[PDB]
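> Structure file model04.pdb (PDB, C-alpha atoms) is given on the next line.
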MODEL        1
ATOM      1  CA  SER A   1     233.807 -65.737-126.257
ATOM      2  CA  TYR A   2     232.039 -68.740-127.772
ATOM      3  CA  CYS A   3     233.822 -68.210-131.109
ATOM      4  CA  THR A   4     237.059 -66.606-132.279
ATOM      5  CA  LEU A   5     238.455 -65.117-135.477
ATOM      6  CA  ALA A   6     239.969 -68.510-136.286
ATOM      7  CA  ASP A   7     236.520 -70.108-136.090
ATOM      8  CA  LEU A   8     235.026 -67.465-138.385
ATOM      9  CA  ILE A   9     237.827 -67.906-140.924
ATOM     10  CA  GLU A  10     237.466 -71.690-140.818
ATOM     11  CA  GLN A  11     233.682 -71.588-141.242
ATOM     12  CA  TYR A  12     233.472 -68.836-143.891
ATOM     13  CA  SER A  13     236.987 -68.759-145.391
ATOM     14  CA  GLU A  14     239.398 -65.873-144.802
ATOM     15  CA  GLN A  15     238.423 -64.085-148.034
ATOM     16  CA  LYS A  16     234.801 -63.541-146.995
ATOM     17  CA  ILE A  17     235.780 -62.347-143.516
ATOM     18  CA  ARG A  18     238.230 -59.912-145.102
ATOM     19  CA  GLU A  19     235.580 -58.672-147.538
ATOM     20  CA  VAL A  20     232.884 -58.134-144.887
ATOM     21  CA  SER A  21     235.278 -56.782-142.225
ATOM     22  CA  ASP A  22     237.503 -54.297-144.101
ATOM     23  CA  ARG A  23     235.400 -51.161-144.568
ATOM     24  CA  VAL A  24     238.080 -48.521-145.252
ATOM     25  CA  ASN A  25     240.105 -50.156-148.054
ATOM     26  CA  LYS A  26     238.569 -50.953-151.447
ATOM     27  CA  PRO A  27     239.493 -53.673-152.350
ATOM     28  CA  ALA A  28     239.911 -55.133-148.856
ATOM     29  CA  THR A  29     243.412 -56.036-147.677
ATOM     30  CA  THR A  30     243.253 -56.967-143.975
ATOM     31  CA  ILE A  31     240.725 -58.237-141.447
ATOM     32  CA  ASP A  32     239.708 -55.659-138.844
ATOM     33  CA  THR A  33     240.017 -57.378-135.470
ATOM     34  CA  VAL A  34     237.948 -54.767-133.606
ATOM     35  CA  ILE A  35     234.908 -55.196-135.862
ATOM     36  CA  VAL A  36     235.086 -58.988-135.621
ATOM     37  CA  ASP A  37     235.426 -58.756-131.841
ATOM     38  CA  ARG A  38     232.343 -56.544-131.596
ATOM     39  CA  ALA A  39     230.317 -58.869-133.829
ATOM     40  CA  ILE A  40     231.323 -61.899-131.756
ATOM     41  CA  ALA A  41     230.485 -60.023-128.554
ATOM     42  CA  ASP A  42     227.032 -59.156-129.900
ATOM     43  CA  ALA A  43     226.415 -62.782-130.863
ATOM     44  CA  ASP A  44     227.470 -63.890-127.379
ATOM     45  CA  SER A  45     225.182 -61.285-125.805
ATOM     46  CA  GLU A  46     222.193 -62.542-127.799
ATOM     47  CA  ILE A  47     223.000 -66.152-126.917
ATOM     48  CA  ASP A  48     223.249 -65.240-123.228
ATOM     49  CA  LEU A  49     219.902 -63.461-123.512
ATOM     50  CA  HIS A  50     218.487 -66.768-124.717
ATOM     51  CA  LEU A  51     220.332 -68.997-122.210
ATOM     52  CA  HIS A  52     220.241 -66.960-118.983
ATOM     53  CA  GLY A  53     217.186 -68.699-117.519
ATOM     54  CA  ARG A  54     218.481 -72.286-117.739
ATOM     55  CA  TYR A  55     222.277 -72.165-117.275
ATOM     56  CA  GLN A  56     224.906 -70.074-115.532
ATOM     57  CA  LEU A  57     226.059 -67.028-117.487
ATOM     58  CA  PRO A  58     229.876 -67.184-117.255
ATOM     59  CA  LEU A  59     230.152 -70.635-118.809
ATOM     60  CA  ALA A  60     233.535 -72.197-118.096
ATOM     61  CA  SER A  61     233.326 -74.209-121.340
ATOM     62  CA  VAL A  62     231.827 -73.622-124.787
ATOM     63  CA  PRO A  63     229.609 -76.407-126.209
ATOM     64  CA  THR A  64     230.196 -77.118-129.887
ATOM     65  CA  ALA A  65     226.639 -76.244-130.922
ATOM     66  CA  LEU A  66     227.191 -72.956-129.109
ATOM     67  CA  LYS A  67     230.304 -72.402-131.233
ATOM     68  CA  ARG A  68     228.370 -72.960-134.461
ATOM     69  CA  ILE A  69     225.537 -70.670-133.339
ATOM     70  CA  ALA A  70     227.962 -67.938-132.284
ATOM     71  CA  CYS A  71     229.861 -68.136-135.576
ATOM     72  CA  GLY A  72     226.661 -67.843-137.590
ATOM     73  CA  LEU A  73     225.310 -64.920-135.583
ATOM     74  CA  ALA A  74     228.671 -63.135-135.682
ATOM     75  CA  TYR A  75     228.863 -63.462-139.462
ATOM     76  CA  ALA A  76     225.297 -62.183-139.777
ATOM     77  CA  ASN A  77     226.252 -59.204-137.597
ATOM     78  CA  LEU A  78     229.188 -58.268-139.856
ATOM     79  CA  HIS A  79     226.746 -57.216-142.606
ATOM     80  CA  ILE A  80     225.839 -53.528-142.400
ATOM     81  CA  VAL A  81     222.745 -54.098-144.563
ATOM     82  CA  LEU A  82     221.030 -57.499-144.468
ATOM     83  CA  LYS A  83     217.885 -58.135-146.492
ATOM     84  CA  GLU A  84     215.212 -60.704-145.682
ATOM     85  CA  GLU A  85     215.961 -63.118-148.540
ATOM     86  CA  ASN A  86     219.733 -63.084-148.011
ATOM     87  CA  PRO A  87     220.715 -66.705-147.220
ATOM     88  CA  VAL A  88     222.923 -65.530-144.344
ATOM     89  CA  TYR A  89     219.805 -64.010-142.788
ATOM     90  CA  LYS A  90     218.012 -67.349-143.154
ATOM     91  CA  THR A  91     220.906 -69.147-141.458
ATOM     92  CA  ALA A  92     220.779 -66.623-138.618
ATOM     93  CA  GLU A  93     217.030 -67.211-138.284
ATOM     94  CA  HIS A  94     217.542 -70.979-138.125
ATOM     95  CA  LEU A  95     220.194 -70.568-135.427
ATOM     96  CA  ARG A  96     217.876 -68.271-133.464
ATOM     97  CA  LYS A  97     215.193 -70.951-133.767
ATOM     98  CA  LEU A  98     217.652 -73.462-132.309
ATOM     99  CA  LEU A  99     218.373 -71.066-129.439
ATOM    100  CA  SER A 100     214.664 -70.557-128.756
ATOM    101  CA  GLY A 101     214.126 -74.313-128.762
ATOM    102  CA  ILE A 102     216.921 -74.669-126.218
ATOM    103  CA  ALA A 103     215.414 -71.947-124.025
ATOM    104  CA  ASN A 104     211.933 -73.516-124.089
ATOM    105  CA  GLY A 105     213.334 -76.848-122.906
ATOM    106  CA  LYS A 106     212.854 -78.701-126.197
ATOM    107  CA  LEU A 107     216.588 -79.052-126.909
ATOM    108  CA  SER A 108     219.394 -79.783-124.458
ATOM    109  CA  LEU A 109     222.732 -77.993-124.378
ATOM    110  CA  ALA A 110     225.182 -80.672-125.455
ATOM    111  CA  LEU A 111     228.529 -81.748-124.031
ATOM    112  CA  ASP A 112     231.338 -79.190-124.025
ATOM    113  CA  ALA A 113     234.277 -81.574-124.463
ATOM    114  CA  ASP A 114     233.455 -84.486-122.138
ATOM    115  CA  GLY A 115     231.285 -83.120-119.293
ATOM    116  CA  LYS A 116     227.792 -81.702-119.048
ATOM    117  CA  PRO A 117     226.948 -77.988-118.872
ATOM    118  CA  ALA A 118     225.927 -76.387-115.552
ATOM    119  CA  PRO A 119     222.148 -75.896-115.286
ATOM    120  CA  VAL A 120     220.835 -73.238-112.920
ATOM    121  CA  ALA A 121     219.035 -74.129-109.672
ATOM    122  CA  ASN A 122     215.665 -72.789-110.852
ATOM    123  CA  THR A 123     213.871 -76.148-110.608
ATOM    124  CA  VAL A 124     215.592 -77.195-107.374
ATOM    125  CA  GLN A 125     213.597 -74.909-105.095
ATOM    126  CA  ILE A 126     211.161 -76.535-102.685
ATOM    127  CA  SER A 127     209.905 -75.144 -99.384
ATOM    128  CA  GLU A 128     211.900 -77.356 -96.993
ATOM    129  CA  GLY A 129     209.677 -80.233 -95.903
ATOM    130  CA  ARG A 130     208.201 -80.549 -92.416
ATOM    131  CA  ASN A 131     208.042 -84.246 -91.520
ATOM    132  CA  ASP A 132     208.428 -84.492 -87.776
ATOM    133  CA  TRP A 133     206.964 -87.694 -86.294
ATOM    134  CA  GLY A 134     208.720 -89.581 -89.104
ATOM    135  CA  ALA A 135     212.343 -89.606 -87.932
ATOM    136  CA  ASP A 136     212.469 -92.992 -86.156
ATOM    137  CA  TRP A 137     211.794 -91.634 -82.679
TER     138      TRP A 137
ATOM    139  CA  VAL B   1     218.214-129.713 -50.278
ATOM    140  CA  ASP B   2     215.762-127.834 -52.491
ATOM    141  CA  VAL B   3     212.388-129.019 -53.774
ATOM    142  CA  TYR B   4     213.990-130.256 -57.010
ATOM    143  CA  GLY B   5     216.465-132.382 -55.031
ATOM    144  CA  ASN B   6     219.616-130.593 -56.161
ATOM    145  CA  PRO B   7     222.306-130.680 -53.440
ATOM    146  CA  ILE B   8     222.458-127.484 -51.388
ATOM    147  CA  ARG B   9     225.752-126.081 -50.086
ATOM    148  CA  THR B  10     225.634-123.202 -47.606
ATOM    149  CA  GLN B  11     229.102-121.992 -48.644
ATOM    150  CA  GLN B  12     227.821-120.361 -51.844
ATOM    151  CA  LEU B  13     225.069-118.416 -50.032
ATOM    152  CA  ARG B  14     227.479-115.804 -48.645
ATOM    153  CA  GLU B  15     227.820-114.007 -51.996
ATOM    154  CA  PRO B  16     225.369-113.449 -54.860
ATOM    155  CA  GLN B  17     225.971-115.505 -57.981
ATOM    156  CA  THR B  18     226.179-112.410 -60.200
ATOM    157  CA  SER B  19     228.775-110.699 -57.985
ATOM    158  CA  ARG B  20     231.573-112.288 -60.038
ATOM    159  CA  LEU B  21     229.941-110.939 -63.244
ATOM    160  CA  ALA B  22     230.579-107.215 -62.794
ATOM    161  CA  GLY B  23     230.229-106.838 -66.568
ATOM    162  CA  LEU B  24     226.454-107.278 -66.441
ATOM    163  CA  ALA B  25     225.837-104.364 -64.065
ATOM    164  CA  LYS B  26     227.458-101.909 -66.513
ATOM    165  CA  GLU B  27     225.203-102.678 -69.493
ATOM    166  CA  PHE B  28     222.589-100.336 -70.960
ATOM    167  CA  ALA B  29     219.399-101.270 -72.792
ATOM    168  CA  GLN B  30     219.621-101.053 -76.584
ATOM    169  CA  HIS B  31     216.021 -99.852 -77.075
ATOM    170  CA  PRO B  32     215.059-102.070 -80.049
ATOM    171  CA  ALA B  33     211.557-100.561 -80.256
ATOM    172  CA  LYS B  34     212.766 -97.391 -81.991
ATOM    173  CA  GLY B  35     212.596 -97.810 -85.755
ATOM    174  CA  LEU B  36     210.731-101.120 -85.471
ATOM    175  CA  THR B  37     209.123-102.678 -88.553
ATOM    176  CA  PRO B  38     207.067-105.882 -88.864
ATOM    177  CA  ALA B  39     210.061-107.691 -90.375
ATOM    178  CA  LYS B  40     212.278-106.574 -87.492
ATOM    179  CA  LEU B  41     209.663-107.705 -84.967
ATOM    180  CA  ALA B  42     209.361-111.108 -86.642
ATOM    181  CA  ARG B  43     213.144-111.516 -86.620
ATOM    182  CA  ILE B  44     213.290-110.521 -82.946
ATOM    183  CA  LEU B  45     210.634-113.067 -81.990
ATOM    184  CA  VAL B  46     212.215-115.857 -84.050
ATOM    185  CA  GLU B  47     215.663-115.174 -82.591
ATOM    186  CA  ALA B  48     214.170-115.185 -79.094
ATOM    187  CA  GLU B  49     212.696-118.607 -79.856
ATOM    188  CA  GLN B  50     216.282-119.794 -80.424
ATOM    189  CA  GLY B  51     217.733-118.548 -77.113
ATOM    190  CA  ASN B  52     218.458-114.839 -77.726
ATOM    191  CA  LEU B  53     216.208-113.367 -75.045
ATOM    192  CA  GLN B  54     218.120-110.082 -74.659
ATOM    193  CA  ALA B  55     216.514-108.350 -77.641
ATOM    194  CA  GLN B  56     213.078-109.712 -76.750
ATOM    195  CA  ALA B  57     213.366-108.495 -73.153
ATOM    196  CA  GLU B  58     214.479-105.016 -74.214
ATOM    197  CA  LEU B  59     211.687-104.830 -76.794
ATOM    198  CA  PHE B  60     209.147-105.847 -74.151
ATOM    199  CA  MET B  61     210.429-103.150 -71.791
ATOM    200  CA  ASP B  62     210.141-100.522 -74.530
ATOM    201  CA  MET B  63     206.659-101.774 -75.421
ATOM    202  CA  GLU B  64     205.587-101.463 -71.788
ATOM    203  CA  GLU B  65     206.986 -97.936 -71.554
ATOM    204  CA  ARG B  66     205.727 -96.531 -74.876
ATOM    205  CA  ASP B  67     202.084 -97.722 -74.753
ATOM    206  CA  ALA B  68     199.867 -95.998 -72.197
ATOM    207  CA  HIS B  69     196.864 -98.305 -72.629
ATOM    208  CA  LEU B  70     198.917-101.494 -72.324
ATOM    209  CA  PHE B  71     200.812-100.097 -69.339
ATOM    210  CA  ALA B  72     197.570 -99.131 -67.595
ATOM    211  CA  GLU B  73     196.073-102.585 -68.175
ATOM    212  CA  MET B  74     199.161-104.393 -66.875
ATOM    213  CA  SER B  75     199.449-102.096 -63.854
ATOM    214  CA  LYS B  76     195.783-102.622 -62.981
ATOM    215  CA  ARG B  77     196.155-106.393 -63.314
ATOM    216  CA  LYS B  78     199.217-106.474 -61.054
ATOM    217  CA  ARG B  79     197.761-104.082 -58.472
ATOM    218  CA  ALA B  80     194.786-106.439 -58.262
ATOM    219  CA  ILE B  81     197.125-109.098 -56.853
ATOM    220  CA  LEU B  82     199.170-106.675 -54.756
ATOM    221  CA  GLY B  83     196.054-105.799 -52.741
ATOM    222  CA  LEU B  84     195.140-109.349 -51.695
ATOM    223  CA  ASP B  85     195.543-110.482 -48.103
ATOM    224  CA  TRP B  86     197.642-113.619 -47.685
ATOM    225  CA  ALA B  87     198.289-116.256 -45.046
ATOM    226  CA  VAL B  88     200.493-119.306 -44.511
ATOM    227  CA  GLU B  89     198.627-122.521 -43.755
ATOM    228  CA  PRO B  90     199.986-125.871 -42.527
ATOM    229  CA  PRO B  91     199.655-128.978 -44.719
ATOM    230  CA  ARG B  92     196.642-131.291 -44.703
ATOM    231  CA  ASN B  93     195.887-132.552 -41.174
ATOM    232  CA  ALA B  94     199.220-131.230 -39.956
ATOM    233  CA  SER B  95     200.763-132.190 -36.621
ATOM    234  CA  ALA B  96     201.790-129.901 -33.766
ATOM    235  CA  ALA B  97     205.373-129.593 -35.019
ATOM    236  CA  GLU B  98     204.148-128.764 -38.527
ATOM    237  CA  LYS B  99     201.717-126.200 -37.118
ATOM    238  CA  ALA B 100     204.564-124.584 -35.172
ATOM    239  CA  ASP B 101     206.729-124.497 -38.302
ATOM    240  CA  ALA B 102     203.920-122.870 -40.288
TER     241      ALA B 102
ENDMDL
END
So that I can check it, write out the structure of this file as structure tokens.

Amino acid sequence: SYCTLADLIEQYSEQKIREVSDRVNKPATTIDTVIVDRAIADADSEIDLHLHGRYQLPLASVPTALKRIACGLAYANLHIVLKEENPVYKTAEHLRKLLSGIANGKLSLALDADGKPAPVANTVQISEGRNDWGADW
Amino acid sequence: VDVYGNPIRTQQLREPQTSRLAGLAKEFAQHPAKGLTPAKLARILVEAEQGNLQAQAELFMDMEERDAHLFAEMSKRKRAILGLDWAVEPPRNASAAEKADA
């Protein structure tokens, strides 16, 4: 859960979330929590797809850039039909580009609140090191 | 007296000098050759120059033990002496009493 309904409302205003989330009432009246939850879950799943090879999956903290990316992807997911030239689609593409840059080691995952994220041990591995005759015998 | 002229007292000959130093007999060598670097060797030699012969002696013992070529050379040199016949001779143009003493 890198973003919440509060984050979506704050980033896109409550009116737009209501309009793109209420599918049964015309005009919209309330925000459907289930739809928003599914959209946020899908955004988190995509982000994990991008970040699985460099960091641990169950992150204990959410970096701020991760919050922005999740909010953007979740909003893009709340559109049933999304054309290519829709600006929301372009924002989603830019965020996906940021994610790909992070995955390819060109961008670093920033601070969460004060501490660093938790990188995986992929680079750590070395055989073991056989150096007998060099132990001050 | 001795050759150097120091007075000799037969009272002190009953017991070894080091008998009253039971602490020495319980010591163990520190093996300063292990983990030895040129700086450490230079410090050991310089300190030995100043009166600290313990570290130098232990280092020499380790050096003798850990080098087969050096040990073989020293052993050969010493065994050369150990195999020589020896005799005690009286002084120049010695008298009968001196010959008997010899």
> With 8 Å as the threshold, what does the neighbourhood of (229.6, -66.1, -128.9) contain in terms of residues, counting all atoms listed in the file? Coordinates are those of the file; answer as a VMD selection string.
chain A and resid 1 to 3 40 to 45 47 66 to 67 69 to 71 74
> Please measure the separation of CA of residue 65 (chain B) and CA of residue 24 (chain B), giving the value in Å to one decimal.
22.2 Å
> Taking only C-alpha atoms into account, which residues of chain B are within 10 Å of chain A, as a PyMOL selection string?
chain B and resi 33-36
> Any idea what the distance is between CA of residue 97 (chain A) and CA of residue 50 (chain A)?
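Going from CA of residue 97 (chain A) over to CA of residue 50 (chain A), I get 10.5 Å.
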> At a cut-off of 10 Å, can you tabulate as JSON lines every residue of region 35-58 of chain A near region 113-124 of chain A together with its closest atom pair and the distance in Å to one decimal, using all atoms listed in the file and ordering rows by chain then number?

{"residue": "A:51", "atom": "CA", "partner": "A:119", "partner_atom": "CA", "distance": 9.9}
{"residue": "A:52", "atom": "CA", "partner": "A:120", "partner_atom": "CA", "distance": 8.7}
{"residue": "A:53", "atom": "CA", "partner": "A:120", "partner_atom": "CA", "distance": 7.4}
{"residue": "A:54", "atom": "CA", "partner": "A:120", "partner_atom": "CA", "distance": 5.4}
{"residue": "A:55", "atom": "CA", "partner": "A:119", "partner_atom": "CA", "distance": 4.2}
{"residue": "A:56", "atom": "CA", "partner": "A:120", "partner_atom": "CA", "distance": 5.8}
{"residue": "A:57", "atom": "CA", "partner": "A:120", "partner_atom": "CA", "distance": 9.3}
> Please provide as number ranges by chain all residues within 8 Å of residue 72 (chain A), with the sequence filter that same-chain residues fewer than 6 positions apart are discarded (counting all atoms listed in the file).
A: 91-92, 95
> Please produce a file of the residues just selected, as a PDB file, in the coordinates of the input, where the atoms kept are C-alpha atoms.

ATOM      1  CA  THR A  91     220.906 -69.147-141.458  1.00  0.00           C
ATOM      2  CA  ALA A  92     220.779 -66.623-138.618  1.00  0.00           C
ATOM      3  CA  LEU A  95     220.194 -70.568-135.427  1.00  0.00           C
TER       4      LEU A  95
END
> Residues at most 12 Å from residue 15 (chain A), counting all atoms listed in the file, excluding those fewer than 6 positions away in the same chain, as an MDAnalysis selection string?
chainID A and resid 8:9 21:22 27:31
> CA of residue 73 (chain A) and CA of residue 46 (chain A), how far apart in Å?
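Distance reported for this atom pair: 8.7 Å.
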> List the residues matched by the PyMOL selection byres ((chain A and resi 36) around 8) in the displayed structure as a list in words, ordered by chain and then by residue number.
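Residues picked by the PyMOL selection byres ((chain A and resi 36) around 8): residues 5, 21, 32, 33, 34, 35, 37, 38, 39, 40, 74 and 78 of chain A.
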